[PDB]
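Chemist: One structure follows; several queries about it will come next.
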Amino acid sequence: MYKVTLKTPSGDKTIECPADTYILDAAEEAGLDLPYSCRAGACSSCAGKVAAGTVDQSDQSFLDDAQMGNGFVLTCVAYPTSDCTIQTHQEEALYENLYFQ
Ligand code: FES
């Protein structure tokens, strides 16, 4: 898998997310304070933030490719296309920016 360090409001943890399996599976495995939702992309409140590396969230709701470069991504239907660091609870970041990055 790819090693993605999820940045949670409680800290950070490196998970192993397969190139076929969405981050949240490995994310919850790692022990994050990450909720569980649809895994189908019915919303974007559970939108992770690509702090580092990259992931596959092309079919994200109202998030665009540029947002991924900005470091804004989806946790439900996305997984690392490389080893990365992914912020969790920063859903707003796609909506505005959250001023994190
Ligand atoms: S629950 Fe609908 S996208 Fe996470």
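Naming works like this for the structure tokens: A, B, ... for the chains as they're shown, residue 1 at the start of each chain, ligands 1 onward in shown order.
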Could the residues that lie within 9 Å of ligand 1, counting only C-alpha atoms and all ligand atoms, be listed as a PDB file with N, CA and C atoms, in the first residue's frame?

Modeler:
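That gives us pocket-v1.pdb:
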```pdb
ATOM      1  N   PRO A  35     -14.603   9.627  11.528  1.00  0.00           N
ATOM      2  CA  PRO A  35     -15.944   9.027  11.481  1.00  0.00           C
ATOM      3  C   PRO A  35     -16.105   8.036  10.331  1.00  0.00           C
ATOM      4  N   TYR A  36     -17.272   7.425  10.254  1.00  0.00           N
ATOM      5  CA  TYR A  36     -17.587   6.501   9.182  1.00  0.00           C
ATOM      6  C   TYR A  36     -18.868   6.977   8.518  1.00  0.00           C
ATOM      7  N   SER A  37     -18.942   6.897   7.199  1.00  0.00           N
ATOM      8  CA  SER A  37     -20.042   7.530   6.497  1.00  0.00           C
ATOM      9  C   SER A  37     -20.570   6.700   5.315  1.00  0.00           C
ATOM     10  N   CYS A  38     -20.375   7.157   4.076  1.00  0.00           N
ATOM     11  CA  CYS A  38     -21.030   6.507   2.943  1.00  0.00           C
ATOM     12  C   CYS A  38     -20.064   5.667   2.128  1.00  0.00           C
ATOM     13  N   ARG A  39     -18.817   6.130   2.031  1.00  0.00           N
ATOM     14  CA  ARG A  39     -17.788   5.466   1.228  1.00  0.00           C
ATOM     15  C   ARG A  39     -18.213   5.418  -0.240  1.00  0.00           C
ATOM     16  N   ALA A  40     -19.212   6.224  -0.582  1.00  0.00           N
ATOM     17  CA  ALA A  40     -19.769   6.233  -1.925  1.00  0.00           C
ATOM     18  C   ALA A  40     -19.736   7.634  -2.520  1.00  0.00           C
ATOM     19  N   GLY A  41     -19.364   8.605  -1.696  1.00  0.00           N
ATOM     20  CA  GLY A  41     -19.204   9.962  -2.175  1.00  0.00           C
ATOM     21  C   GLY A  41     -20.524  10.677  -2.314  1.00  0.00           C
ATOM     22  N   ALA A  42     -21.396  10.483  -1.338  1.00  0.00           N
ATOM     23  CA  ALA A  42     -22.706  11.117  -1.351  1.00  0.00           C
ATOM     24  C   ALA A  42     -22.631  12.521  -0.761  1.00  0.00           C
ATOM     25  N   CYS A  43     -21.480  12.850  -0.196  1.00  0.00           N
ATOM     26  CA  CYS A  43     -21.254  14.156   0.401  1.00  0.00           C
ATOM     27  C   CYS A  43     -19.766  14.499   0.368  1.00  0.00           C
ATOM     28  N   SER A  44     -19.391  15.608   0.995  1.00  0.00           N
ATOM     29  CA  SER A  44     -17.995  16.010   1.041  1.00  0.00           C
ATOM     30  C   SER A  44     -17.651  16.642   2.393  1.00  0.00           C
ATOM     31  N   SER A  45     -18.426  16.305   3.415  1.00  0.00           N
ATOM     32  CA  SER A  45     -18.144  16.769   4.767  1.00  0.00           C
ATOM     33  C   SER A  45     -16.986  15.960   5.345  1.00  0.00           C
ATOM     34  N   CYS A  46     -16.848  14.754   4.836  1.00  0.00           N
ATOM     35  CA  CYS A  46     -15.787  13.847   5.227  1.00  0.00           C
ATOM     36  C   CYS A  46     -14.602  13.980   4.281  1.00  0.00           C
ATOM     37  N   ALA A  47     -14.368  15.193   3.810  1.00  0.00           N
ATOM     38  CA  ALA A  47     -13.332  15.430   2.825  1.00  0.00           C
ATOM     39  C   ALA A  47     -11.965  15.609   3.474  1.00  0.00           C
ATOM     40  N   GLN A  60     -14.860  13.479  -7.309  1.00  0.00           N
ATOM     41  CA  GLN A  60     -15.317  14.111  -6.085  1.00  0.00           C
ATOM     42  C   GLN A  60     -16.460  15.076  -6.401  1.00  0.00           C
ATOM     43  N   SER A  61     -17.350  15.273  -5.429  1.00  0.00           N
ATOM     44  CA  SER A  61     -18.592  16.028  -5.623  1.00  0.00           C
ATOM     45  C   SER A  61     -18.367  17.400  -6.266  1.00  0.00           C
ATOM     46  N   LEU A  74     -10.978  13.857  -0.885  1.00  0.00           N
ATOM     47  CA  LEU A  74     -12.112  13.116  -0.316  1.00  0.00           C
ATOM     48  C   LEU A  74     -11.629  11.868   0.421  1.00  0.00           C
ATOM     49  N   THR A  75     -12.220  11.566   1.570  1.00  0.00           N
ATOM     50  CA  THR A  75     -11.839  10.367   2.308  1.00  0.00           C
ATOM     51  C   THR A  75     -12.707   9.153   1.929  1.00  0.00           C
ATOM     52  N   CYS A  76     -13.970   9.396   1.569  1.00  0.00           N
ATOM     53  CA  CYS A  76     -14.909   8.306   1.272  1.00  0.00           C
ATOM     54  C   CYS A  76     -14.561   7.556  -0.015  1.00  0.00           C
ATOM     55  N   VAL A  77     -14.300   8.278  -1.097  1.00  0.00           N
ATOM     56  CA  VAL A  77     -14.007   7.637  -2.377  1.00  0.00           C
ATOM     57  C   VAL A  77     -12.670   8.117  -2.918  1.00  0.00           C
TER      58      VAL A  77
END
```

Chemist: Just the residues within 7 Å of region 52-56 of chain A, please, counting only C-alpha atoms, with nothing from its chain fewer than 4 positions along; format it as a list in words.

Modeler: residues 78, 79, 80, 81, 82, 83, 84, 85 and 86 of chain A

Chemist: Quick one: everything within 12 Å of residue 14 (chain A), counting only C-alpha atoms, minus sequence neighbours fewer than 6 positions away in the same chain. Send it as a compact mmCIF listing (two decimals) with N, CA and C atoms, in the first residue's frame.

Modeler:
```txt
# COMPACT_ATOMS: atom_id res chain seq x y z
N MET A 1 0.84 -1.19 0.00
CA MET A 1 0.00 0.00 0.00
C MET A 1 0.88 1.24 0.00
N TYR A 2 0.24 2.40 -0.05
CA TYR A 2 0.96 3.65 0.11
C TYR A 2 0.83 4.12 1.55
N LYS A 3 1.90 4.67 2.08
CA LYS A 3 1.91 5.17 3.45
C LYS A 3 1.44 6.60 3.50
N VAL A 4 0.24 6.77 4.01
CA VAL A 4 -0.35 8.08 4.14
C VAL A 4 -0.49 8.44 5.61
N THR A 5 0.10 9.57 5.97
CA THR A 5 0.03 10.08 7.33
C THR A 5 -1.16 10.99 7.46
N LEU A 6 -2.20 10.52 8.12
CA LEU A 6 -3.38 11.33 8.26
C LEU A 6 -3.23 12.29 9.41
N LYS A 7 -3.51 13.54 9.11
CA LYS A 7 -3.42 14.59 10.07
C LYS A 7 -4.79 14.83 10.65
N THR A 8 -4.93 14.42 11.87
CA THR A 8 -6.17 14.51 12.58
C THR A 8 -6.09 15.67 13.56
N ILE A 23 -8.96 5.54 1.62
CA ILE A 23 -8.14 5.85 2.79
C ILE A 23 -8.81 5.48 4.10
N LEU A 24 -10.09 5.81 4.25
CA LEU A 24 -10.78 5.68 5.54
C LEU A 24 -10.67 4.28 6.14
N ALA A 26 -8.09 2.09 6.00
CA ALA A 26 -6.80 2.06 6.66
C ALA A 26 -6.72 3.16 7.71
N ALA A 27 -7.43 4.25 7.45
CA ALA A 27 -7.48 5.38 8.35
C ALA A 27 -8.03 4.97 9.72
N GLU A 28 -9.19 4.32 9.72
CA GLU A 28 -9.81 3.87 10.95
C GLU A 28 -8.99 2.76 11.59
N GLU A 29 -8.35 1.96 10.74
CA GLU A 29 -7.47 0.89 11.19
C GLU A 29 -6.34 1.46 12.03
N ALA A 30 -5.82 2.57 11.55
CA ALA A 30 -4.71 3.27 12.21
C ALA A 30 -5.11 3.82 13.58
N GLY A 31 -6.39 4.11 13.75
CA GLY A 31 -6.88 4.52 15.06
C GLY A 31 -7.24 5.98 15.13
N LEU A 32 -7.56 6.57 13.99
CA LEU A 32 -7.87 7.99 13.93
C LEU A 32 -9.25 8.28 14.50
N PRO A 80 -4.61 7.05 -1.71
CA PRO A 80 -3.32 7.55 -2.16
C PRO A 80 -2.86 6.92 -3.46
N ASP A 83 2.61 7.80 -1.65
CA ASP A 83 2.76 7.94 -0.21
C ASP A 83 2.58 9.41 0.15
N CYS A 84 1.76 9.68 1.15
CA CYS A 84 1.32 11.05 1.38
C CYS A 84 1.03 11.34 2.84
N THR A 85 0.52 12.53 3.07
CA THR A 85 0.07 12.97 4.37
C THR A 85 -1.27 13.65 4.19
N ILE A 86 -2.31 13.15 4.82
CA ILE A 86 -3.64 13.63 4.54
C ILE A 86 -4.35 14.12 5.78
N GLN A 87 -4.67 15.39 5.75
CA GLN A 87 -5.43 16.05 6.79
C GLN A 87 -6.86 15.53 6.78
```

Chemist: In chain A, what's alpha helix (DSSP H) per DSSP? Answer as a list in words?

Modeler: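 Secondary structure check on chain A, alpha helix (DSSP H): residues 23, 24, 25, 26, 27, 28, 29, 30, 65, 66, 67, 68, 69, 70, 92, 93, 94 and 95 of chain A.
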
Chemist: With C-alpha atoms retained, write the just-selected residues as an mmCIF file, in the first residue's frame.

Modeler:
```
data_model
loop_
_atom_site.group_PDB
_atom_site.id
_atom_site.type_symbol
_atom_site.label_atom_id
_atom_site.label_comp_id
_atom_site.auth_asym_id
_atom_site.auth_seq_id
_atom_site.Cartn_x
_atom_site.Cartn_y
_atom_site.Cartn_z
ATOM 1 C CA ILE A 23 -8.139 5.850 2.787
ATOM 2 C CA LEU A 24 -10.778 5.681 5.541
ATOM 3 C CA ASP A 25 -10.462 1.868 5.791
ATOM 4 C CA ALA A 26 -6.799 2.063 6.660
ATOM 5 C CA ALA A 27 -7.480 5.384 8.351
ATOM 6 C CA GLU A 28 -9.812 3.870 10.953
ATOM 7 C CA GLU A 29 -7.469 0.890 11.191
ATOM 8 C CA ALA A 30 -4.715 3.271 12.210
ATOM 9 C CA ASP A 65 -8.485 18.723 -9.763
ATOM 10 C CA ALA A 66 -6.979 22.083 -8.800
ATOM 11 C CA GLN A 67 -8.241 21.515 -5.275
ATOM 12 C CA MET A 68 -6.167 18.333 -5.060
ATOM 13 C CA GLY A 69 -3.117 20.389 -5.951
ATOM 14 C CA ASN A 70 -4.264 22.845 -3.309
ATOM 15 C CA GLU A 92 -14.264 23.420 4.727
ATOM 16 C CA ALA A 93 -10.924 23.691 2.942
ATOM 17 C CA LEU A 94 -12.513 22.843 -0.425
ATOM 18 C CA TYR A 95 -15.487 25.086 0.314
#
```

Chemist: Quick one: distance from CA of residue 96 (chain A) to CA of residue 21 (chain A) in Å, one decimal?

Modeler: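 That distance, rounded to one decimal, is 27.7 Å.
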
Chemist: Please identify the strand (DSSP E or B) residues within chain A (assignment by DSSP from backbone atoms) and present them as a VMD selection string.

Modeler: chain A and resid 2 to 8 11 to 17 49 to 52 55 80 84 to 87

Chemist: Looking at A:91, A:100, A:10, A:34, which one is nearest to residue 63 (chain A), with distances taken over only C-alpha atoms?

Modeler: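 Smallest distance to residue 63 (chain A) is found for A:91.
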
Chemist: Between CA of residue 71 (chain A) and CA of residue 51 (chain A), what is the distance in Å, rounded to a tenth?

Modeler: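 Going from CA of residue 71 (chain A) over to CA of residue 51 (chain A) covers 5.4 Å.
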